[PDB]
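Only one chain is included here, represented as structure tokens and corresponding to the form solved without the partner chain.
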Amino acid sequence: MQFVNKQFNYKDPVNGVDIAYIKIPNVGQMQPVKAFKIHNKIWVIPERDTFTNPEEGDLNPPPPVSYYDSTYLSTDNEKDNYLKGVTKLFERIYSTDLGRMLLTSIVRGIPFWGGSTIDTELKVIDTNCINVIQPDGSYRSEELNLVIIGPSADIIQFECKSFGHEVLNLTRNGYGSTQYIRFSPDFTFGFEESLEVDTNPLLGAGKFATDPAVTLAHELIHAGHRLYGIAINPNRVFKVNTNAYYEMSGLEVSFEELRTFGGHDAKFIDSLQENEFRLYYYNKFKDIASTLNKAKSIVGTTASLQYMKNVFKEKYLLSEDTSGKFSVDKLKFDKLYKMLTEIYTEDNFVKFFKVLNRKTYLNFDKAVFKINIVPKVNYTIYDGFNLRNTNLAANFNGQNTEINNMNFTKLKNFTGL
């Protein structure tokens, strides 16, 4: 089966269900934006993100390694191609067993109902919803797990972000929260095939293009961590001392990025600090089990208390004794924690897609390219750029920007800067 069962066009009429104008709660200011529900719990907003951070409302460039284009994603044809590009990447990810596992975990990873001030009841947290304009002009609040949205002013700053909370560190206390991924299918980075070149800031022009399915999978791995409330505080950083150029500029890379890349990178998180993180999150899951056991009713008519207790029993793989009380089993916790942090990694997706990719997160990006993955003559669910039964099938020739030059327009060189 396919992950996105409908092929949306941007101009398809709104229906108030899976094609709708929506607002993001606590932005209020905003005019409704057209949004598309491409799968249970997952929406796409083909708009530049001027909404999730009120200090980031201006796409115009100031007078770094950055890329600005205030006009990108401003027209209907662009939003149509954005929507279709994003859906194609979800299908490419879902066509692998690994991406099928990751996307199943993401859909199951409903943000915890921890918005009550009274431990006698469960209550949704408002900011894990969107407000959907119905056909009768009224708003209905819909819980969701993931929104794909266009980048803000700096086009290259893809990131998985989410609405904070006064008291609760939702992405690190086991609860989770709705994740907003700033992402574009319309650009990709160039990188170098020799490790000594790719990790040197002065060398290489970016001969090979990153497959954007890897880039989206990388962000979805962050989203999985954040939906299960086990992201590592970005303040916890590897003060990189394995690359003389990183050291010269004092570049610090968060453990959350090294975990997400996987492979050799994750080994830069020392065993003692990893063990500390694992214990910390185990304790958060126990807190959720204790909260569920104290819950004696629920706010809302969306679902029953027993129903939602069971949703979170399944999400966190809790055990239930003959009295109905929930508990955290260390064996099942370690299994889920390890799936989300060690099995879902960038390096492992590279193995499934059979693409060329950076060998480490600890490199230097060489260039940014404009691409168009929507035409099947350029890029397919099954092959990405390396189209079978063409000259592009072998040796990653489709990602080779010199051989496949009509599929890539270099917009900026970063090497030197």
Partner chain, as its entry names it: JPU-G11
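Think of the rigid core as the biggest set of C-alphas that the two forms share within 1.5 Å after superposition. Residue numbers count along the first chain shown, from 1.
As for the form solved in complex with the partner chain, it is not shown, yet the points below apply to it.
The candidate spot formed by 71, 372 and 411 lies out of contact with the partner chain in the entry with it bound, as no residue has a heavy atom within 4.5 Å of it. In the entry with it bound, the partner chain sits beyond 4.5 Å of every heavy atom of residue 321.
Contact annotation for residue 327: none of its heavy atoms lies within 4.5 Å of the partner chain in the entry with it bound. Remark: residue 96 counts among the residues lining the partner chain in the entry with it bound, judged by a heavy atom distance of 4.5 Å or less.
Among residues of the shown chain, residue 286 is not one whose heavy atoms approach the partner chain to within 4.5 Å in the entry with it bound. The comparison between this form and the one not shown, aligned on the rigid core, picks out a single residue among 140, 100, 123, 325 whose CA moves by 2 Å or more, and that residue is 325.
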